[PDB]
């Protein structure tokens, strides 16, 4: 190992799984299921055969409100989804024993395509999956129905939209959890370009599994960005363990203690008492008023304790009102209170508080943003906190009783339908702990 | 563990602490019957049915979530009542409650709250049924409010940083509330958005500056300067430095420079 | 009588167009031009202002005027102007053509009206829509509606700024004030009006025209934001919603991403630019900006009116300035809309097609494309052989390659009604033209033409697209003149053959039918002539805030 | 006498600034403003032109004028103007400030001269450089130099278009005509001139000023291309090289990528924009555009002159229009350069520092930063407590947060000479200001301030940068007003403390010292006042091609 | 100096720019710790390595390079392996024709 830190693994039901596990067993660099998550995200594309069929039938291609008169094609695509899946599989498969997967979603109206991992091994980036699926779909549809050479350009427009004129996938009927590299805010942000609702639809609205998935991708993205190098690796590893993976049952214990009659303030008092009890923080100096100013014994661990309390604070506040709008305010004042309660730095040293400031603004102003669900780690408003703000947001959309316009249903209809079927994607907490147990003795 | 709430060695830092502490019953100064309060909010009328957005929680087949069910929802969420607002513009001239002050009190005393702090305004979004309940007992009837220095506003909130009027009221470009020369009390003739109400609602007598100075949560050179609160300045300087060193190097050795 | 261009040639040159020989070096240089004379008289007069710094002097480098500095007759007009008058910098009509597109952004209203009636619980009624429409006409030009102590934009600088409405729902149309409405039933022939409404549906759209000055000070990316910023404020005011509530954020995202229709989209980092720039405008979208479809019954006139607009925007402004600069590409574009040369060739092709296949009488096949495209090309180049003055006019081979291929492409579209079929036709014309005169365009003109035949009917990701959705950012098309403007014309031809009301976007077609627009999009060629004669009054001038 | 702002406050309000109480609703609404009166008289007069369409009406929404619509005195001037006169749309000087930057592009000449003497075998001599310089002054504004039958841009539209030269090599300077040269030895004090030449070296640079009209019709990305396009032609002409040879391609790549210095760089896809836009301009580069360093010996005046320019460009034009639009953010910026409020606070901080540490007398440490930043902040907010009219002036808390923090930051830089130390100082001011008045800015003002302390001295890839190289695209800074313009001021303060000739780029500093520029970059605040009084004559107007 | 990240880092990475970013950080941490660079001087170390990033989305003025240019500068999607200068193929091969043609063809056809 590298670090002496030992963590007790707990599941989505607050039940002990294993004690004294090395902290690095949950590292993206060592956990096999985190390696699986990334690999599968990078290679899985959602296909809307019903959408592609409707687009051709009507001539409605290449963006919204766009209709080309005199270039319509009536093809029974959905009816013959089984032949299209057999053709797509055959065009992408390298060997009969490889991981290539082509499956039908919602009775062949939709489709799930997974490129063989080897294609990505010889690929420089993730967009290969969209591009190879787009081509395989075109070749399949054109050959199956003997589409005329002069009608064939409309098939491309039905699948990829307005590309290549637009550098992005405008009006495309195929989607990936990852947005195009052109739309990245910063370098390495690729894994951060996942909508909050996508995490919520994939998890099937389960809080612990939503927090885990968002935290896993967000903290794995920190490693890509070079934000978890040297002194910071431990800060991000403990952040992933306590905030997203419910280490030492911290997240659940705080929710259990403040579920009935607790407020954000009580959650703050609970995490401070817990942190002080485990010796992660000690009293530095007593001020004239009798106010005890605390200092961290373990900087990276105090931040992780605070980060876990932040998730508990949103579960308790957003869960009391059964609304996801409170999240921006909960993330803001959990950090604001924790600082003027102890004198210690908040989650991500003010970065999570700052992220929430802008998040409150854009989820309530005329300049931009929107509902809490449309945001992501690659969004100019929510990209400032380094993997600590997006996971608590996911916990809020989960408890919301449909008080949003851009709710999971309207934004993650196609995307959610695919990955919710994959075992490791819907329940990530359950499998990262199994993945940690499989490597815990080999490190 | 006994919580500290807020650092500081002045009365202002103590008033901020008393506002945050859920065990400190704030001094009742007026009685504003529930029927009249909802009217100033201008959302619905008394002796009427609560408009709903989503059906009650019991009427929903939601997927299983062990953690979600631990959080006991408020009555407003239980029967699927709509979520509405109530905003306050607080005068910088010794108003009993202040923007960030309000926000940390709400997050300490009330459950499932959506608060929003701005310089000129403070917005609180909550379940209509539970909102109206605290908006009267806590937000208006106690020392947390003053009819002249706390303007109930929806739009055109301008006035917080403006010099007061002839009779001690804050600037209000929409004339929601007027000073009554007869009663010596402030009467809201319009709601927070600026719609005229058929029956004007009286809020009560204006408090003199002398007592507002003893309850206010704002530091002023006229009252208690922030220069005097040497303790608050110490903690702010620390929060600043801990953030600076935390961004540079998150180690225990780096933090020896505090 | 005979060829359409002969009238124009006889006016440009006082010699027989068929005459192989002429007199040169007898014109006294730049002095022969009343325009070059003006430029010198201006540069001389401006010497004081620039201090000592030298300026424009025709004696530097090449002595212009050794040949006859020929004027240009606008196609379909009796207006003969100097070449310099057709340069975008010197023409206020060309500048307003672009300005009127840049400042345009179409926004959906149904999404907002749904949020109003569902989560906000505010009823939407025609009278309320009419109130909103009056609020936005005060807000959009820079007028205050919500906050106290607000400074405002001078109304005299933003007189061209307005916001209008249009709907496919005929019931809602009769119930909206005529001043705020773009009436589909009154601006379009009822054959076209029914096709537009059928495609649009019962949906309601807002066209916001940001002031000209905004895009002049700033850029095309400002436009959608300016519109969204003021749409939100007008919705807050008209419906008396909270000034900063949770529901407001749904309007900002809808007005900036979800239900917003821009003219152009963003461009990649190499040619980095925001949306609503000429590079992001697809060919079909530009065809839909031109309004000759609802004014003329002539399918050739309609196609050649889009060629003019396209050649001007894409090669003079876009490739000529944005992507290059300086003297620019004025005559690379004028060739496609002056002296009725492309007009004559296109009418020949129409007549050829009409009598052999009939307009929209042949399903696209390689035999049809190859027959028409070869016929029109051979005819075009033969006219250049017959008339030495026609060759002297279109001196640059690129101008000839563009014109001859545009006629070929438009004619293939006249028979097939398929934009890719006409696109394929263009590329055969190019390689035929090369083998005919043993030359084509400039050094790097046929990059897209040699790639053309293979990518025209391709299915590969960066090779495929129906011409309507191709544009200045399509890989092969992203660099060279004498192509883009003509592709926009080949796009229109496929739809003019079908008698289609629109080519790609019916919203854009409706939007640009508004008489409140400064530029007359129904007669682009005549409008260019009006600007060349300094008779066009543009918007965006700063007279109310500058010394006289 | 006493505070600097008291004179201005006594002129704005006819009451005692210390008076807590005043009279309202007695001003007769918008009628109190001679400017709102003009706007109505304009909108009424323009009703005919717009036909039936309603326009600007102050009766829609909020009734402006219920309080006193206060005027603004420009800092360091006796010019009191209406607030509306300080809106970029209504101010031609503010428009020319930006236009003069956008149309600027600096190109290296040594690389070209090397290609000439090595692969081409053409000797470069001062007389040849002088010939090139005359050719580029004809070519750059749209004049023909190589081809026959070329149309040209009207010299009367491009009178502001010129190309100049500057060099660190003093020997080459004496040998170039004074009309083409930007003389470092004559425009800058010899202490500064030696520091510039030392940093630049014996290298030679060309400053090309593309005409104002170009950036108005097109965008900032056009500028470098327009310049490169005409640089190449002038090199072909002056040195009589082949019109399209292999060696020419070396000049195009050098003039567009290798030896070219732009004002701003491109922006990511979300806020997609080409180079030479306000979002791509780093704070240090903007500090170097301002010329008060070579005119004033006052380090506070120099810093506050960059704050004015920065606040205007970044919050009024950039965030106010490009990124938003409508009524905009005029008073979010005016607060930082009007009524001598930031001036008084900054001078206090300078005096505090001068007597405790001495100007540039303390190496940056957390104890220094925390001492100065707390002192200046407490002083600033106390002035707001003492004078109710000062609080009524800076009504918006964001304006106060920006002003109080800018003074704190500039003062930390006065002692340390480190831009990040002053940056750190700003963020302590912000969190102190929040705890003082229990409020800060607008709903989402302190996103960058809460992230601030941690990212100010960070080393992480998207968190680290010396303030000189940060800008509107720095992640935390990319959205909010009352920050950017003041960061440009904190940057200048670190260098004004050191008596540095420049902050980041000496080429840009030299480039903007030219008297041939329309806007006077040495006195930005007085220039803004000149535009507010409609006394500023900008370039880019279309009088020579429009009806009178 | 030549830096090669462990292949596992790229296995858990979405794209190639991780190599530039992790090297940039490792260099900063190394230089700052080795010479005990002051906290206020430390921002200059980032500017010396990564140039003007993050203000510029690309590696402008960076003293670290990769055969692959940043994803922001891609013409089309999947073009990442194509962002290799002709001279880079020629310098790597040591000007050998067959090996230059092979390398360029390999990357171009793999792309």
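We just call them A, B, C, D and E in the order they show up, numbering each chain from 1.
As a working rule, contacts are C-beta pairs under 8 Å (C-beta built on N, C-alpha and C of every residue); 3 or more make two chains touch, one makes a residue touch a chain.
By chain, UniProt protein names: A = Methyl-coenzyme M reductase subunit beta; B = Methyl-coenzyme M reductase subunit gamma; C, D = Methyl-coenzyme M reductase subunit alpha.
Relative to the whole-protein C-alpha centroid, the nearest chain centroid is that of D.
The highest number of C-beta contact pairs joins the chains C-D. Centre-to-centre spacing of chain B and chain E amounts to 52 Å, using the average Cα coordinate of each chain. For the pair chain A and chain D, the distance between C-alpha centroids works out to 40 Å.
Distance from the chain A centre to the chain C centre is 43 Å, each centre being the mean of its Cα atoms.
Under the contact definition stated at the top, the residues of chain D that touch 2 or more other chains are 62, 66-67, 266-269, 271, 324, 395, 442-443, 453-455, 457-462, 475. For chain E, residues touching at least two other chains, in rising order: 21, 24-25, 29, 39, 42, 53-54, 57, 72, 74, 76-78.
Annotation for chain B: residues 53, 100, 114, 116, 118, 123, 125, 156, 158, 173, 239, 243, 246-248 touch two or more other chains. For chain C in complex with chain A, the residues that touch the partner chain are 106, 115, 119, 195, 199-200, 228-229, 232-233, 236, 244-253, 256, 259, 261, 265-269, 280, 282, 284, 364-365, 416-421, 457-462, 464-466, 468-471, 473-475, 494-495, 498, 500-507. The part of chain A that touches chain E in the complex is made up of residues 28-29, 34-35, 38-39, 41-42, 122-128, 130-131, 163-164, 167, 178, 180-182, 184, 186-188, 190-191, 220-221, 223-227, 229-231. Interface of chain D with chain C (complex): residues 36, 38-39, 42-43, 45-46, 49-58, 60-62, 64, 66-67, 69-70, 82-84, 86-92, 95, 98, 134-135, 137-159, 162, 178-180, 210, 213-214, 216-222, 225-227, 229-230, 233, 237, 244, 266-267, 269, 271-275, 277, 317, 321-328, 330-331, 395, 443, 516, 531, 534-538, 540-542, 544-547. Taken together, the chain B residues at the contact with chain D in this complex read 16, 92-93, 98-101, 116-120, 156, 158, 161-166, 168, 171, 173-175, 217-222, 225-227, 232-233, 236-237, 239-241, 243-244, 246-248, 257. The part of chain A that touches chain C in the complex is made up of residues 61-62, 64-71, 131, 134-135, 138-139, 142, 148-150, 152-157, 160, 162-167, 170, 182, 325, 362-371, 374, 403, 405-406.
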